[PDB]
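First, one chain by itself in structure tokens, the form deposited in one PDB entry.
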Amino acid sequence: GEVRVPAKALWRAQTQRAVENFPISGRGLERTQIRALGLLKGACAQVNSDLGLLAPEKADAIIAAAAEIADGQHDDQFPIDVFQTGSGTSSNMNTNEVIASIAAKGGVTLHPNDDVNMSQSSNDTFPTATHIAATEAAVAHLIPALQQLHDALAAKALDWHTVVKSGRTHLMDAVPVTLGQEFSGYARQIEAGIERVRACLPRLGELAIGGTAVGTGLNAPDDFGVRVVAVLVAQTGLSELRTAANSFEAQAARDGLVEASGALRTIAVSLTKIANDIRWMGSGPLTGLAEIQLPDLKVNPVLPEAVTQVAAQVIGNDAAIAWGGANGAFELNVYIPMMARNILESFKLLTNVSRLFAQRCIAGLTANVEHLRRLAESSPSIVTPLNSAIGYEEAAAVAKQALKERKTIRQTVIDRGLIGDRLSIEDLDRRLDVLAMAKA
């Protein structure tokens, strides 16, 4: 039919039809997705050239246009809604048409399908770009952001190694701990988060390229996949990219995204705990716990709120990803654009809020040392450290009398006239010292 296309638009007919067919969310591909589609087209053009299937002049043109796209020079040339044909074929064609128009600016005539989509199908390209984008997000961005947060938490764990305070279990007063020990716990949660992301990489980095329409590789060179992956690894430095173990699994399912989402969700769960504890420690200053002071951006914990909200989003996104993941049929899972949107957003949210959390909250925390000490000196104590001085039986009697008369262990020892040759006052304070009780 007749198709009206904007003057300064590098996309063509089929992209414009897709724009008209899916006015649903008003939001299109992110920069990372666009970049990954550009990287893939350049790599495909390179391999088609190396195999003598594509004329060198045409290949050079594609590679040049693809490089512009991957460098972010055309992020306004991808107007198709996220909620499109579930294979992502519309965005694939979007990329083919934009490259064709760019090449035409350089006096080379490309056919979007026959040249720019050579050896590819409408079904193995978009999930490939999706996993490229997800792997890049995991390796180049999320993991270093998490490492930064870990290092900030670990720094406080060391700095506060002897800042004694009261433990809390069930929200109730418990035996002493140090602020440093608590932050050593938070740091380990983030460290384990990094371990979780790393563990999913062998399957997250699997690319479907080469499988063409249904996974068989019909109408592609037998080694298209492995050659394209090699160019991608060389150009991105992403050694985690690899050919799929099974070309049918790689298109019929998107289980790699579901798996990876689970790692992000676990991280969201840890971050909720860490953020929650931190805003509670900062609460008050009169009606709260008043354990620490957060940097001001009466200070509201705005970054913990940002963190806990991001975590909520990752959990919602995770549910959406799994839902689409389960609902593939036969040779193709047709939930890819929705799954891509959600997994890449979860990566982006976690990355950016972890860095903000680290730099503008954690690094600048100040402990209220004297208040914390007074809290520790209000914790329950135990009789065990008195055994080698008064014996198991007298200790047991002290514990019973303390419980009965609702007095501290220390005062009960004094009231029972136990301060003598077997136990001086100094010896009592040493054995019951709250920092020693924390076993730091």
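Residue numbers here begin at 1 and follow the sequence given. The term rigid core refers to the maximal set of C-alpha atoms that superpose within 1.5 Å between the two forms.
What comes next is about the form deposited in another entry, which does not appear here.
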Next item on the list: Scan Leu51, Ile382, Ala64, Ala55 for the one whose CA shifts by 2 Å or more between this form and the one not shown after superposing the rigid core, and name it.
Entry: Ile382
Next item on the list: Once the core is aligned, please say if the CA of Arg373 is shifted by at least 2 angstroms between this form and the one not shown.
Entry: no
Note to self: I want to check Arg406: does it shift between this form and the one not shown by 2 Å or more at the Cα, with the core superposed?
What the structure shows: yes
Note to self: Quick check: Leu423 between this form and the one not shown - does its CA shift reach 2 Å or more after fitting the rigid core?
What the structure shows: yes
Next item on the list: Work out whether the Cα atoms of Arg410 and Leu372 come closer together or move farther apart in that other deposited form than they are in this form, the change being 3 angstroms or more.
Entry: closer
